[PDB]
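The structure appears below as structure tokens.
Don't worry about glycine lacking a Cβ; one is built from the backbone with ideal geometry, like all the others, and counts go over all protein chains shown. Any read-out appearing in this document is the output of simple, stated calculations on the displayed coordinates, not a laboratory observation.
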Amino acid sequence: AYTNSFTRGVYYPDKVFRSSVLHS
Amino acid sequence: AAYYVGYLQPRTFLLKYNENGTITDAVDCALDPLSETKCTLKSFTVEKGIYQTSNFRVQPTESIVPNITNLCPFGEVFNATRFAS
Amino acid sequence: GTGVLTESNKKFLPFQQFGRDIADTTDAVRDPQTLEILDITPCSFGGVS
Amino acid sequence: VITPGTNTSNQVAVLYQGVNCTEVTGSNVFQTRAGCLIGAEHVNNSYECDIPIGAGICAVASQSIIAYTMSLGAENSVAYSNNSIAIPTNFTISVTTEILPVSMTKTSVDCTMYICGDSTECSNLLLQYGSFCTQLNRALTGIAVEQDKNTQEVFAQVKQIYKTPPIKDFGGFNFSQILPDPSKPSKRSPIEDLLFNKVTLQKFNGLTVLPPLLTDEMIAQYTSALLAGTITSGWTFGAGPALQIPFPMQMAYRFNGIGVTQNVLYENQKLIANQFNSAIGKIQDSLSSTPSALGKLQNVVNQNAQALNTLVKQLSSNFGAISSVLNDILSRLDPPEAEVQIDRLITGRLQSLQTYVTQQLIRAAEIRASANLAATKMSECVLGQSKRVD
Amino acid sequence: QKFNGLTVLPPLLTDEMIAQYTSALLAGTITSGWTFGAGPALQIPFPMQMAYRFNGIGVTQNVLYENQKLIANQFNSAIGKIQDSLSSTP
Amino acid sequence: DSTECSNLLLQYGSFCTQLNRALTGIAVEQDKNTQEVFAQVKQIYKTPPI
Amino acid sequence: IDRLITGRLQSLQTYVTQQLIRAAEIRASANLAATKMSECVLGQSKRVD
Amino acid sequence: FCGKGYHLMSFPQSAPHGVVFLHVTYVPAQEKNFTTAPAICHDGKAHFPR
């Protein structure tokens, strides 16, 4: 079977607080 | 009794951190060209225009290399009729 | 680092150990042993005219 | 990537610059002589350009992205013949705007705190590089002292601070949108208020931002002095003493200097006044209800910001040597070998600082050319009446 | 004219379009004068346009008409001379 | 087309995206120069046929 | 490799800096030409020479 | 452009690696307060100054 994994599975990568920002 | 298994890949994202520090949105920078623009501009909304994102580059598929003639003589050494003391 | 630590009202998440800025410089840190959030200001400098 | 903005659609076209359309998501490819346009539908109907692609091609219109050869404008043949002229029988009075940048932010970056932090090993290993840092601080100080010169040669062209009379009887003309508002703080006009609210503007490792010499409360006082002088005295205060003259008579002087006789003003003085008042009120909307009108001011701010943001983010680069952190290399390695990695980090950060300063020096020349243009426009357009067209 | 990293982007306005702009400016000033740079293009016969332009340098208007065939001949012989100032000395 | 300083060059930071930014600024400015010189008519006037 | 990188990157930076200066010169000349198209072509100029 | 006041004439002087312009301008000096009218009408017809 297969399923689409839409936008799911994003995790916090680095244990760093970041406020109102767009980090790449 | 059912579950889902997916595999991680080395991909770059753009994560949107809230005022409270939590992630509220993300952009996969190789999903489609629009997300490449979003990761290039470091923005989630892009304005109307033309934006350069990357470099197309054709990769070489094969490799291709005078008439090889002059190998040295051994046949007269190793397969010789007579040797010396 | 080097700087002035002050009490701060930035709400970290319970796993984030230090804040950062949009230059990727650390301008906050949760200290251990009391889990307070501490700002970091650079030690004040400037020219002398 | 051609996009019409994500607030309209998420369709994009992709331009591959300079490749043939035989060399590669395929929907309808289009060879352009600028490249290969994939995802835009080629039409024959020429329009006015909005997304410029190149070599004459431009690009959403009725729920699809099109690509057309652009049009230069509507063709008209004016009805020329020997013995025919056209003479105007009426006029409009048009108030247009021109936005000119004048100054930048006066940043100054100390080398030794930028390039070396507080590490005296780094500092003592930097002294053997010579006078690079006094060169760099001299260059940035020259830029910073030039910014104040830019502002004071644009605005400070009045010797005296004129004030408009407290009763505003200017013959029907309503300069209420440009004269300062006393019933609010900072004493600015409505238009200056929306100019400050529509432009949206940090002290760390080396960077400092010197404040400008003329505060905004003082620049607005200059510009209200220039307005009050123009309104009450005409061009006479740019030459000698301010000679007062009634504003319809001044405007009749100013029709008389474009070749229209001055009875045309008086006999239409009401109508002209209304046109002025309706055209001065659309500036309010044409800035407020249209974003990116102040883009010429905006990009300057943005460029300076991202230059600093590229400088600070260039600190976290290894440049070779094993770590970008100056403490995690003193407490790692022995110092006959630590000071080759430190030196590698110094030459990387020094070339980053030097390329920032060279970008600043070459951008401040643009702002100085624009500030010279703005000073010329203040002298000739505001303080006088130009015959030089456009 | 590209090999290695370097590309030459073509200009947005082709030379046909720049020539179309240049013919638009030049046919505007022949037929309408300076009036097309301010507002709508008001046509005006070219002797009568040129007499305004004598009158703008302080020479009165009758100097144009009474010498009109002379002025046209010096004008044509000076534009004929400017090809040869570029179709010659480099 | 070598990978070996597609890795060493990344250690030099954002130098290869700052130079590209500068050159594309020059390139957009060239089209602005041509537009400012020549595009000063709203309409395309045509001379009469005779 | 790193010697060749720091040679070629410096050569590229020299090229870009020369181009930025030359672009400033051509923008000054193009602003002059736009001024001449306005004042000389679209009007009659009283400015001497 | 050529000094403060209404420009009459100006004179160059050579300075080392430069030039010095002496701008002779006309400055109006001592002014009298008066009373105007846009036009003066006589015989029921408005007269404007030439």
### Query
Going through region H:1-24 one residue at a time, which ones are within 21 Å of D:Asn372 (Cβ to Cβ), under 12 Å from the mean Cα position of the chain (by Cα) and not in a loop (DSSP other than H, G, I, E, B)?
H:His7
### Query
Which one is farthest from A:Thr7 (Cα to Cα), of the residues in region B:26-37 that are at the interface with chain A (Cβ under 9 Å from one of its Cβ atoms) and not charged (D, E, K, R)?
B:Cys29
### Task
Considering (1) β-branched (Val, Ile, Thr); (2) closer than 29 Å to D:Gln359 by Cβ; (3) more than 10 Å from chain D (Cβ to nearest Cβ); (4) surrounded by fewer than 15 Cβ atoms within 10 Å (Cβ to Cβ), say which one F:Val28 fails and leave the rest.
(3)
#### Entry: Selected residue (criterion: surrounded by the most Cβ atoms within 10 Å (Cβ to Cβ)) from residues of region B:10-25 that are more than 14 Å from chain D (Cβ to nearest Cβ) and farther than 26 Å from F:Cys16 by Cα
B:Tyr17
### Message
For the structure I just gave you, tell me whether D:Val102 is within 30 Å of D:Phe175 (Cβ to Cβ), away from chain E (no Cβ under 14 Å) and either surrounded by 11 or more Cβ atoms within 10 Å (Cβ to Cβ) or basic (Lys, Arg) (or both).
### Response
yes
### Task
Could you grab me the full set of residues in region F:31-44 that are of a type in the set (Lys, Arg) and within 9 Å of chain D (Cβ to nearest Cβ)?
F:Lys42
### Query
Within region D:121-140, how many residues are surrounded by 15 or more Cβ atoms within 10 Å (Cβ to Cβ) and either more than 15 Å from D:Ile346 (Cβ to Cβ) or of a type in the set (D, E, K, R) (or both)?
4
### Task
Considering every residue within region E:68-90, establish whether at least one is more than 17 Å from the chain's Cα centre (by Cα) and either within 14 Å of chain G (Cβ to nearest Cβ) or under 24 Å from D:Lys387 (Cβ atoms) (or both).
no
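Residues checked against (1) within 13 Å of chain H (Cβ to nearest Cβ); (2) of a type outside the set (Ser, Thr, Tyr); (3) loosely packed, with under 15 Cβ neighbours inside 10 Å:
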residue	(1), (2), (3)
D:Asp169	no, yes, yes
D:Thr200	no, no, yes
D:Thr223	no, no, no
D:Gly240	yes, yes, no
D:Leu243	yes, yes, no
### Query
Can you spot a residue in region D:327-342 that is under 23 Å from C:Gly1 (Cα atoms), within 11 Å of chain F (Cβ to nearest Cβ) and out of contact with any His (no Cβ under 9 Å at 6 or more places or on another chain)?
no
#### Entry: Every pair of residues 6+ apart whose Cβ atoms lie under 9 Å, when the first sits in chain A and is away from chain C (no Cβ under 14 Å) and exposed (fewer than 12 other Cβ atoms within 10 Å of the Cβ) while the second is not in a loop (DSSP other than H, G, I, E, B) and not hydroxyl-bearing (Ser, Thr, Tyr)
A:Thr7/B:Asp25; A:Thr7/B:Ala26; A:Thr7/B:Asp28
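If you go through region B:61-73 one residue at a time, do you hit one that is assigned to a loop (DSSP other than H, G, I, E, B), out of contact with any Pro (no Cβ under 7 Å at 6 or more places or on another chain) and within 14 Å of chain D (Cβ to nearest Cβ)? Talk me through it step by step, then tell me what you get.
First pass over region B:61-73, keeping only residues assigned to a loop (DSSP other than H, G, I, E, B): B:61-73.
The next check asks that each one be out of contact with any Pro (no Cβ under 7 Å at 6 or more places or on another chain); those that pass are B:61-73.
Going one step further and asking which of them are within 14 Å of chain D (Cβ to nearest Cβ), we end up with B:61.
Looking through region B:61-73, at least one residue is assigned to a loop (DSSP other than H, G, I, E, B), out of contact with any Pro (no Cβ under 7 Å at 6 or more places or on another chain) and within 14 Å of chain D (Cβ to nearest Cβ).
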### Message
Restricting to region B:32-43, name every residue that is surrounded by 14 or more Cβ atoms within 10 Å (Cβ to Cβ) and touching a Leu at 6+ places or on another chain (Cβ under 9 Å).
### Response
B:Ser35, B:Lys38, B:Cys39, B:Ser43
### Message
Can you tell me which residue is nearest to the chain's Cα centre (by Cα) among those in region C:1-28 that are among the hydrophobic types (A, V, I, L, M, F, W, C) and either over 29 Å from B:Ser43 (Cβ atoms) or more than 10 Å from every other protein chain (Cβ to nearest Cβ) (or both)?
### Response
C:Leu5
### Search result, residues across region C:28-44 that are surrounded by fewer than 12 Cβ atoms within 10 Å (Cβ to Cβ) and at negative phi
C:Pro32, C:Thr34, C:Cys43, C:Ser44
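Can you tell which of D:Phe204, D:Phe173 is surrounded by 13 or more Cβ atoms within 10 Å (Cβ to Cβ), touching a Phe, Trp or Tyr at 6+ places or on another chain (Cβ under 8 Å) and not in a helix (DSSP H, G or I)?
Working: D:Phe204 fails: touching a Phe, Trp or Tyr at 6+ places or on another chain (Cβ under 8 Å).
Residue meeting the stated conditions: D:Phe173.
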### Message
Looking at region C:1-23 only, could you name the residues that are surrounded by fewer than 15 Cβ atoms within 10 Å (Cβ to Cβ) and of a type in the set (D, E, K, R)?
### Response
C:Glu7, C:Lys11
### Task
Residues being part of a loop (DSSP other than H, G, I, E, B), among the β-branched types (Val, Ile, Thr) and out of contact with any helix residue (DSSP H, G or I) (no Cβ under 9 Å at 6 or more places or on another chain): count how many of those fall in region D:64-109.
3
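Report yes if D:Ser317 is closer than 22 Å to F:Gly25 by Cβ and either among the aliphatic types (A, V, I, L, M) or within 10 Å of another protein chain (Cβ to nearest Cβ) (or both), otherwise no. Full working, then the answer.
Details: closer than 22 Å to F:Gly25 by Cβ: no; either among the aliphatic types (A, V, I, L, M) or within 10 Å of another protein chain (Cβ to nearest Cβ) (or both): yes.
Judged against the criteria, D:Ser317 is not a match.
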### Considering residues of region E:34-57 that are small (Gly, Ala, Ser) and assigned to a helix (DSSP H, G or I) only, the residue farthest from F:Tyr45 (Cα to Cα)
E:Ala51
### Query
When only residues in region E:47-63 that are more than 14 Å from chain G (Cβ to nearest Cβ) and under 19 Å from the mean Cα position of the chain (by Cα) count, which is surrounded by the most Cβ atoms within 10 Å (Cβ to Cβ)?
E:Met48
### Task
Mind listing just one residue for me: the one in region G:1-25 that is closer than 18 Å to F:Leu9 by Cα, more than 9 Å from chain F (Cβ to nearest Cβ) and surrounded by fewer than 11 Cβ atoms within 10 Å (Cβ to Cβ) and, of those, nearest to the chain's Cα centre (by Cα)?
G:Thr14
### Message
Just the residues that are more than 11 Å from D:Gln262 (Cα to Cα) and at the interface with chain D (Cβ under 8 Å from one of its Cβ atoms), please, taken from region H:34-50.
### Response
H:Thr36, H:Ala46
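What are the residues in region D:45-97 that are hydroxyl-bearing (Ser, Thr, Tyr) and over 24 Å from E:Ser23 (Cα atoms), if any? It would help to see each step written out before you state the result.
If we filter region D:45-97 for residues that are hydroxyl-bearing (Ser, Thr, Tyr), which is where we start, we get D:46-47, D:62, D:64, D:68-69, D:71, D:77, D:80-81, D:84, D:89, D:92, D:94, D:96-97.
Those that are hydroxyl-bearing (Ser, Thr, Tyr) and over 24 Å from E:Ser23 (Cα atoms): D:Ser62, D:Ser64, D:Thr89, D:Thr92, D:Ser94, D:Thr96, D:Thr97.
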### Summary
With criteria (1) under 30 Å from H:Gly3 (Cβ atoms); (2) part of a loop (DSSP other than H, G, I, E, B), D:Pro291 comes up short on (1)
